[PDB]
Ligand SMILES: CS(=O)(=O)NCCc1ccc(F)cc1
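A lone chain, given as structure tokens: the form deposited without the ligand.
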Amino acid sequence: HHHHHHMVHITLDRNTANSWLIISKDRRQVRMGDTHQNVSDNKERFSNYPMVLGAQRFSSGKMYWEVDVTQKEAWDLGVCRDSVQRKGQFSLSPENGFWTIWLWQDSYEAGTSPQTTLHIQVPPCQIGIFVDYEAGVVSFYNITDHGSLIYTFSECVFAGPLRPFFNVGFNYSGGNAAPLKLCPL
């Protein structure tokens, strides 16, 4: 792909984070802590899953960023509406305001409803995410495999400002402690 020149500097919004997440000083990395991180509750925090939003809001234009997923067993990545549900149980779907892909149990899927199997020959260590607001497109790229396309959501109905979306996943296995990291431009 040739989307690299739309690169944006994403930072994580601490106030939206699940109370077990640990966000680095530079707000560029996030991992699952082994306990509650001693923060007050608020209406923005994702309560049921290890999720956090980017601080940036996008309502027009073309945007690109990269995320490092090295040695993780489970994660979700993409964008979501600013007004997505924070509390209780929900599925990741465009109907609920999410445009995402994930790794889970050794398979990659896109968060359609129902979910779509992805075909990835080279397990990615970094993921590129491209948003074209006007066109209604969200695309995902395998940076480890020379930028090859993973998935395109088209005909998106964003219906609001978008925020970068992250889920570090649970660590029931002891094999999923590694962070998500926003990669430098």
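Counting begins at 1, following the sequence as shown.
Although not depicted, the form deposited with the ligand bound is the subject of the following passage.
Interface membership of residue 47, defined by any non-hydrogen atom within 4.5 Å of the ligand in the bound PDB entry, is confirmed. When contacts are judged by a 4.5 Å heavy atom cut-off, residue 63 does not count as touching the ligand in the bound PDB entry.
Taking the partner from the other structure, the ligand in the bound PDB entry has no heavy atom within 4.5 Å of any heavy atom of residue 67. Of the heavy atoms in residue 150, none are within 4.5 Å of the ligand in the bound PDB entry. Annotation for 161 to 181: interface residues with the ligand in the bound PDB entry are 170, 171, 172 [heavy atom within 4.5 Å].
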